[PDB]
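Here the structure comes first, spelled out in structure tokens, and everything after it is commentary.
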Amino acid sequence: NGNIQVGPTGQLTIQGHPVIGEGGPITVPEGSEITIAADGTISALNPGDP
Amino acid sequence: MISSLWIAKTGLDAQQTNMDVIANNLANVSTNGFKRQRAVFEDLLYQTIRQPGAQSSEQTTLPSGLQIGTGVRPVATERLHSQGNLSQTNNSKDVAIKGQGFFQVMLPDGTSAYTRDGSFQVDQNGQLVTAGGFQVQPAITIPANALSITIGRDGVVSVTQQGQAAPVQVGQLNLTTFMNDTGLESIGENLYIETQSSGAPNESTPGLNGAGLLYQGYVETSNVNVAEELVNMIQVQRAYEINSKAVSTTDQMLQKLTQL
Amino acid sequence: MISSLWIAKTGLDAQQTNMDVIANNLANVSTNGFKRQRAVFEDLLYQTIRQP
Amino acid sequence: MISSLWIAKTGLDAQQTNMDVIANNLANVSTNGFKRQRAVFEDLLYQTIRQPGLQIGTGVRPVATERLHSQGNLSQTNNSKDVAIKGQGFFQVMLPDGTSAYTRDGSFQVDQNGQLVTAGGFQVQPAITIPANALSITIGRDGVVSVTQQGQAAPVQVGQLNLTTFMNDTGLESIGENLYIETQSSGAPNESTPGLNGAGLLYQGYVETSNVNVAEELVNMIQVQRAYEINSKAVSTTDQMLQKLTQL
Numbered sequence: 102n103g104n105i106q107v108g109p110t111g112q113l114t115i116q117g118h119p120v121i122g123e124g125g126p127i128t129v130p131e132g133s134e135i136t137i138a139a140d141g142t143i144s145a146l147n148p149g150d151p
Numbered sequence: 001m002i003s004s005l006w007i008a009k010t011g012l013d014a015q016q017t018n019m020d021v022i023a024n025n026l027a028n029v030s031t032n033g034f035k036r037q038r039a040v041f042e043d044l045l046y047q048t049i050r051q052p053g054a055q056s057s058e059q060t061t062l063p064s065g066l067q068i069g070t071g072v073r074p075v076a077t078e079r080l081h082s083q084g085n086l087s088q089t090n091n092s093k094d095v096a097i098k099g100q101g102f103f104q105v106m107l108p109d110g111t112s113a114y115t116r117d118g119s120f121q122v123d124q125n126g127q128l129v130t131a132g133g134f135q136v137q138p139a140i141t142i143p144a145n146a147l148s149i150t151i152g153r154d155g156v157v158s159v160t161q162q163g164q165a166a167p168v169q170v171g172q173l174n175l176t177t178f179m180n181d182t183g184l185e186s187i188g189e190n191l192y193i194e195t196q197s198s199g200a201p202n203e204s205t206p207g208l209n210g211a212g213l214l215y216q217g218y219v220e221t222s223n224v225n226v227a228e229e230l231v232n233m234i235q236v237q238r239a240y241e242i243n244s245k246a247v248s249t250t251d252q253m254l255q256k257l258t259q260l
Numbered sequence: 001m002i003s004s005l006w007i008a009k010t011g012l013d014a015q016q017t018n019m020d021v022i023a024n025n026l027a028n029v030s031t032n033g034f035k036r037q038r039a040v041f042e043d044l045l046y047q048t049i050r051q052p
Numbered sequence: 001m002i003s004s005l006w007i008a009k010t011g012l013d014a015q016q017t018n019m020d021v022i023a024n025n026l027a028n029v030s031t032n033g034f035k036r037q038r039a040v041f042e043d044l045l046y047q048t049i050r051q052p065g066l067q068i069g070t071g072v073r074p075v076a077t078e079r080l081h082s083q084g085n086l087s088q089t090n091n092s093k094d095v096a097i098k099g100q101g102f103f104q105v106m107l108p109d110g111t112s113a114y115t116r117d118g119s120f121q122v123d124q125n126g127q128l129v130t131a132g133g134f135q136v137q138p139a140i141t142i143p144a145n146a147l148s149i150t151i152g153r154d155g156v157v158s159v160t161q162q163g164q165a166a167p168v169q170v171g172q173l174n175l176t177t178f179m180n181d182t183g184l185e186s187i188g189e190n191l192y193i194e195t196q197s198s199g200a201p202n203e204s205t206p207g208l209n210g211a212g213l214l215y216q217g218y219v220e221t222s223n224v225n226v227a228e229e230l231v232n233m234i235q236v237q238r239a240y241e242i243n244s245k246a247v248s249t250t251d252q253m254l255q256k257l258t259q260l
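Set out below in structure tokens:
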């Protein structure tokens, strides 16, 4: 199930289970347009900034 | 109800607005001191979807993602403040501006507007007023038994009385110039009111600082070029037809989606 | 129904007024003590969709 | 019975309301001084299901239609009795029962004993009594109605056409025949002379046409038809699902 949701504090959870990356569970910069590449690279864009 | 239909609606609205601009320019061909308008359009929103520049494959970025855009919106209509052709009517009261100045007129409510139409009249009290009855500034007053009125190229006004071989100056007609002439708000009746985007009124007598020179017996005709208007008709019609074709295609797609 | 239609309709009335003035001026060529007419036009309403 | 029939029924009713608004806008495309209507849809209550988080909708319901009070185009009537308004303002017209309504249709007539009345015959206040032997009626920009008589070289002042301005023009109650009455959402009718205190000017010989744009109505009709078809399909799907359930 690849339906990933972003928590209020930026934790990536699938069905309430915190997703685990190469360094453990992922902490996303609170509020960000997450883009996942073809191999799993996560890019975060913060609102307002360029 | 569907995105393509909203985009086509915006396109139809833009082309319609272009048609209103064309029709307004055409209706005022015979208007003295009229300036033709041109509308400017801009792109509407662009849905981000795939972000262009986001890193795919750790070391390769994604160029030019899905920037799905919405329709079009008109930015603003800008007047073309150019010198209209001068027409000779052989009248003592018609004044034409050849440069970049405006006449100042007082509305009876207290404020002042600015007009370029130079067809002036005299009220029952002898004041120089506009054809709509608005009293031009300054309140140049003309004597009762006037034989000839001479408005010079420097804006000076002289009246030739009987028994006096020397004309007597009865006023001084000034021109108002602005930093930005497109920012004046047109209120109709060939009148512009000053806005904050048009700076502040700069008084200057005709011939110095840039104010134009005043010609007597001439009127500044409208600068509307009509063949350009006809060519713009042809486009404003095809573009509207093509946008309606897009509406029809979206309608057919939705109809087949519904019928299944 | 369409604003452009109304604007053209007025323009047509204005040009018809000009034509009538010209015709009246030409009809009175041989009359003594006649003063030819001349029509003056002005801008109608201005819709302020976006305030300048 | 819990089902999705009601949710799609609300959708059908909303599309019906939108189509009624569109048809009303199109039918009044020839009325003088008519403001187009737009219906605002805003959804119903939500039912929340608690986990050991999710909210299911119920449908859509019309809330309130707004009349667009933009200045319509002017049309030339060549009648000296017709006046159009340049700006925001309303003519005050006295109904027979005694309460004063407010109209923007500027097509007026003179009744059998003087008096300026609307097309429906209701008197325009203040009482502006036109003399019988009047040669020409002139209504100025600032609402001064002057009357010329044969002989006298000066026009005679008869009355002032005052404009009633509301702070909220949308909240007036449309009573029917091109008349609005003040309401709690459009209170404090402010009487003013035309040209001051934000009141509009008067053009004599012109009438203010309707505000209905045509392209919006036609494309909105297309959208309403297609959304109605979609909701009908949803109703049919729910019907088939219930039919399959009952046959067990």
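Residue numbers (the authors' numbering), protein chains in the order written: chain q, 102 to 151; chain 6, 1 to 260; chain ZB, 1 to 52; chain 0, 1 to 52, 65 to 260.
The C-beta atom is built at its ideal place from N, Cα and C for all residues, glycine as well.
Taking CB atoms only, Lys9 (chain 6) has a neighbour in chain 0 less than 8 angstroms away. Given a length threshold of 3 residues, each whole run of the beta strand (DSSP E) inside the region 74-144 of chain 6 is given here in chain order: 86-88, 95-97, 103-106, 112-115, 120-122, 128-130 and 135-137. Around the beta carbon of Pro52 (chain ZB), 16 or more other beta carbons lie within 10 angstroms, which makes this residue buried.
Within chain 6, the residues whose beta carbon sits less than 9 angstroms from that of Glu134 (chain q) are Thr48, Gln51 and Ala54, listed in sequence order.
Neighbourhood of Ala227 (chain 0) in chain 6, by CB distance below 8 angstroms: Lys9, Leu12, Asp13 and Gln16, in chain order. By alpha-carbon distance to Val72 (chain 6), the top candidate from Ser56 (chain 6), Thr195 (chain 6) and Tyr46 (chain 6) is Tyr46 (chain 6). A check of alpha carbon separations from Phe41 (chain 6) across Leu12 (chain 6), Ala227 (chain 6), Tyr215 (chain 6) and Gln162 (chain 6) identifies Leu12 (chain 6) as the nearest. Annotation: Cβ neighbours of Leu254 (chain 6) in chain 0 (cutoff 7 angstroms, chain order): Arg238. Nearest in C-alpha terms to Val159 (chain 6), of all of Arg153 (chain 6), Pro143 (chain 6), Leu173 (chain 6) and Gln172 (chain 6), is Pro143 (chain 6).
One finds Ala138, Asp140 and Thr142 in chain q with Cβ atoms closer than 8 angstroms to the Cβ of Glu58 (chain 6), taken in chain order. The beta carbons of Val168 (chain 6) and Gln161 (chain 6) sit closer together than 8 angstroms.
With contacts defined as CB atoms closer than 8 angstroms, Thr115 (chain 6) and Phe103 (chain 6) qualify as a contacting pair. In terms of Cα proximity to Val224 (chain 0), the closest of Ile49 (chain 0), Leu66 (chain 0) and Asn85 (chain 0) is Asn85 (chain 0). For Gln216 (chain 0), the uninterrupted beta strand (DSSP E) run begins and ends at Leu213 to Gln216, by DSSP.
Under the Cβ criterion of 8 angstroms, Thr258 (chain 6) is counted among the residues facing chain 0. Straight through space, the alpha carbons of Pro201 (chain 0) and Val136 (chain 0) are spaced by roughly 16 angstroms. Residues of the region 195-227 of chain 6 with a Cβ closer than 7 angstroms to any Cβ of chain ZB, in chain order: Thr195 and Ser197.
In summary, the residues of the region 81-97 of chain 0 whose CB is separated from some CB of chain ZB by less than 8 angstroms are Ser82, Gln83, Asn85, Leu86, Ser87 and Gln88, in the order they occur in the chain.
Per DSSP, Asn24 (chain ZB) lies in no beta strand (DSSP E) segment; the continuous alpha helix (DSSP H) that holds it begins and ends at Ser3 to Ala27.
Interface annotation, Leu113 (chain q): not in contact with chain 6, CB-CB separation never under 8 angstroms.
Contact check between the region 213-227 of chain 6 and the region 107-126 of chain 6: three or more CB pairs, one atom from each, fall below 8 angstroms, which counts as touching. Between the region 68-82 of chain 0 and the region 2-20 of chain 0 there are three or more C-beta pairs closer than 8 angstroms, enough to call the two in contact. Using a Cβ distance threshold of 8 angstroms, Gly101 (chain 0) and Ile140 (chain 0) do not count as a contacting pair. Distance from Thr258 (chain 6) to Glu241 (chain 0) at the Cβ level is roughly 4 angstroms; contact confirmed, criterion being Cβ atoms closer than 8 angstroms. In terms of Cβ geometry, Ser198 (chain 0) and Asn180 (chain 0) form a close pair [threshold 8 angstroms]. When only Cα atoms are considered, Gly125 (chain q) and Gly117 (chain q) end up about 16 angstroms apart. Chain order gives the chain ZB residues near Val29 (chain 0) as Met1, where near means a beta carbon separation below 8 angstroms. Taking 8 angstroms as the Cβ-Cβ cut-off, the region 117-129 of chain 6 approaches chain ZB at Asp117 and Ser119, given in chain order. Shortest Cα-Cα distance from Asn125 (chain 6) to any of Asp94 (chain 6), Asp109 (chain 6) and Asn145 (chain 6) involves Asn145 (chain 6). In the DSSP annotation of this structure, the continuous segment of the alpha helix (DSSP H) that includes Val247 (chain 6) starts and ends at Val226 to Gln259. Secondary structure note for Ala39 (chain 0): its beta strand (DSSP E) is the uninterrupted segment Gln37 to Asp43. Under the DSSP assignment, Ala145 (chain q) falls in the beta strand (DSSP E) whose first and last residues are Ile143 to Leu146. For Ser133 (chain q), the secondary structure class from DSSP, reduced to helix, strand or coil, is coil. Within 8 angstroms of the CB of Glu189 (chain 6), the CB atoms of chain ZB belong to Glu42 and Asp43, in sequence order along the chain. In the three-state DSSP reduction, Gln67 (chain 0) falls in the strand class (E or B).
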